[PDB]
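Counting neighbours? That spans all protein chains shown, and the Cβs are built from the backbone with ideal geometry, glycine included. Each value in this text was obtained by applying a stated rule to the coordinates, not by laboratory testing.
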Amino acid sequence: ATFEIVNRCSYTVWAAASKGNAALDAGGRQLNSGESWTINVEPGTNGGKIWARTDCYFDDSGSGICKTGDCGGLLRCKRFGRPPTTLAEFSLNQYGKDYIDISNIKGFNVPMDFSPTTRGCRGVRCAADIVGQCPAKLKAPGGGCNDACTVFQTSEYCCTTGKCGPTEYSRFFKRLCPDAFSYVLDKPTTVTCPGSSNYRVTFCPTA
C-alpha cells in the first residue's frame with residue numbers, strides 16, 4: 001500500500017513510520033515545508049503508525065534527537081516515538097478490510113489529516129490548535145500537549161486494567177478533536193476501508 005506523507009506545515013517535520021518492532025519502509029525522513037514523501041507499507045501490516053517529529057538534529061549516520069516523537073534517536077525509526085505525538089494508526093488487510101484512525105492517546109504535537117486516496121471510505125482529521133489550547137498541566141516543556149497518562153502515570157489515565165472512564169483531560173482532547181481517540185476506551189472513531197486501500201497523511205492540513 002502507498003502512503004503519501006505531505007508536510008503542509010510552515011516548519012520542517014521528520015516523518016516517521018513504524019509498527020513498533022520494525023520500520024515501515026525506510027522508517028523516517030525529513031520533510032521540509034511543502035514536501036511529499038511516498039512510502040510503501042506491506043499488505044497485512046498490523047498496528048502501523050505514522051507521526052511527525054519536530055525539532056530534530058541528526059548526524060551523518062542518522063543518529064540524533066527530536067523535541068517530539070523521537071524514536072530512540074534514529075532518523076530511520078524502528079520503534080514508536082516519544083510522546084507527545086499525534087498518531088495516524090492503521091491495520092491493513094485484516095480479514096479483507098483496512099482500519100484507520102487518529103489518536104491523541106499519546107498526546108498531540110502536529111495537526112494531521114489521514115485520508116484514503118482510493119475509494120470507499122472517509123478520512124479522519126485532528127487539526128485543531130491543541131498545543132495552543134493545551135491545559136497548563138499537560139503542556140510538555142519540550143514542546144506539544146501531553147496526554148494525561150504520560151504526565152501522571154495512573155491506572156485511570158493509562159487504562160491499565162481495562163476499566164477506565166473519560167477524564168477532564170481526555171475530554172479536552174475530545175472537545176478539540178472529536179474524530180480522534182482521546183483515551184484508551186473512547187468510543188471508537190476507526191474507519192473501515194476496502195482492503196488494500198492507499199492513503200495520504202497530511203501534516204497541518206488547514207495550514
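Odds and ends about this structure:
- With at most 12 other Cβ atoms within 10 Å, longest stretch of the chain clear of loop trypsin sites (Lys or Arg not before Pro) (DSSP): 1-118
- Model label points for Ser33 and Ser155, set 7 angstrom from Cα along the Cα-to-Cβ axis, are 4.8 nm apart.
- Helix-only CD estimate at 222 nm, as mean residue ellipticity for the chain, using -39500 (n - 2.57) per DSSP H run (n ≥ 4): -2000 deg cm²/dmol
- Measuring nothing but how far apart in sequence close Cα pairs (under 8 Å, 6+ apart) lie, relative to its length, the stretch 27-173 scores a relative contact order of 17 percent.
- Antiparallel DSSP beta bridges within the chain, as percent of all bridges there, nearest 5: 90
- Applied to the stretch 176-190, the Karplus parametrisation 6.51 cos²θ - 1.76 cosθ + 1.60 on θ = phi - 60° returns per-residue 3J(HN,Hα) values of 5, 9, x, 8, 10, 4, 9, 7, 4, 9, 4, 4, x, 10, 6 Hz, with x for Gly and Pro.
- Taking amide hydrogens as placed 1.01 Å from N in the peptide plane, the amide H of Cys71 sits under 5 Å from those of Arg82, each at least 5 positions away in sequence or on another chain.
- In this structure, the pairs whose alpha-carbon distance is over 29 Å, taken from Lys139/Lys187; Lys67/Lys187; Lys97/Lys137; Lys19/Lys187; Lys106/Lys163; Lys97/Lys139, are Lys67/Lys187; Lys97/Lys137; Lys97/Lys139.
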